[PDB]
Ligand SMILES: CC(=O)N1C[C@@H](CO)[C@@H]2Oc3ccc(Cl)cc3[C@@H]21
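First comes one chain, alone, set out as structure tokens in the form deposited without this ligand.
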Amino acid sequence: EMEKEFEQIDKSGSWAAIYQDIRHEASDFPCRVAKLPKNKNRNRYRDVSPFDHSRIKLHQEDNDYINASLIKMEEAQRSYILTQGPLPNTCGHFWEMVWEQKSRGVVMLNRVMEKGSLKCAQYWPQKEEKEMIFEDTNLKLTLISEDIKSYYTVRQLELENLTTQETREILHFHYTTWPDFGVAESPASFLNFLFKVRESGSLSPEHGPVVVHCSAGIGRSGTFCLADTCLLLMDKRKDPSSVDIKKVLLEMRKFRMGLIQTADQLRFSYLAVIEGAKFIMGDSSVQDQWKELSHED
């Protein structure tokens, strides 16, 4: 059904019209805390801020601001934290957020350098023997192992609360071939990566919300969460036709501004959900088909 809607929009060539409608319908809530003068150096982009009602607050008395939003999909019963690529001065805040929110997975959809510019701090260690200590938030981070595939890398990290000496395993899922304001190479390649995140346990309700980011934490991050929630809703009722992608996106836009930054990303979201529906509706072999088509070795 979503498939036939997809074909209607393609034949009309009205992806831009549909996407601008979403933009005009999208919620508009205040971002007063993000705009305080004292927080200016905590925001990577002047025009990408968390709403006050849904922002993640750090558990510190000094300044609890971080550019991060809690997306709570009530009906699908999944939550995500969407955040910007950490800044040189906010890597401690980032890992403090991960600790306090009890997240098990971090999904990173960007490269540290994209289009010749630095999009994100190097906020996790690249070498086992060179751990990182974030002195402002009293956290230590150690690379434990790395599994490099052709277009994504999975890292096992150990996060230590230096104050309590509690340790935690964090899984890092790094998509390395998704261009800013672009789409993944194929649905199959995107779905293969999403299902790798799912199979790690990182999205399970026994854990805190997965942390999802790219550079701004809205475009690629929005595509990832939208596809996931749509597939989860379909799974819940085994009813692909009860899932209205545009309504799920607007619901997600109540928690964070600008989710999906281009009409082509919206169109890709449809493709990913339409294709992923094959798996959700009983055809477990398409998962293997996606892994082959993705060429991850």
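Numbering starts at 1 and runs along the sequence shown.
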Next item on the list: Look up the CA B-factors in the entry and say which stretch, 73 to 81 or 160 to 168, has the higher mean.
Entry: 160 to 168
Item checked: 252 to 260 versus 24 to 32 - greater average Cα B-factor per the deposited record -> 24 to 32
Notebook entry, point to check: When you compare the CA B-factors of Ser241, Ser269, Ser49, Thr229 as listed in the entry, which one comes out on top?
Noted result: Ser241
Notebook entry, point to check: Which third, lowest, middle or highest, does the CA B-factor of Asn67 fall in along this chain?
Noted result: lowest
Checklist line | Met234 by Cα B-factor - lowest, middle or highest third of the modelled chain | finding: highest
Check: What third of its chain, lowest, middle or highest, does the C-alpha temperature factor of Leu203 fall into?
Finding: highest
Check: Lowest, middle or highest third of the chain for the C-alpha temperature factor of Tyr123?
Finding: lowest
Next item on the list: Please rank the C-alpha B-factors of the chain's modelled residues and tell me whether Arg111 sits in the lowest, middle or highest third.
Entry: middle
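What comes next is about the form deposited with this ligand bound, which does not appear here.
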Note to self: Is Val106 near this ligand? Define near as a heavy atom within 4.5 Å, in the deposited bound form.
What the structure shows: no
Item checked: Contact test in the deposited bound form: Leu191 vs this ligand, heavy atoms, 4.5 Å -> yes
Margin query: Heavy atom within 4.5 Å of this ligand in the deposited bound form: which residues of 191 to 208 meet that condition, in order?
Written below: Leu191, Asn192, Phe195, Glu199, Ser200
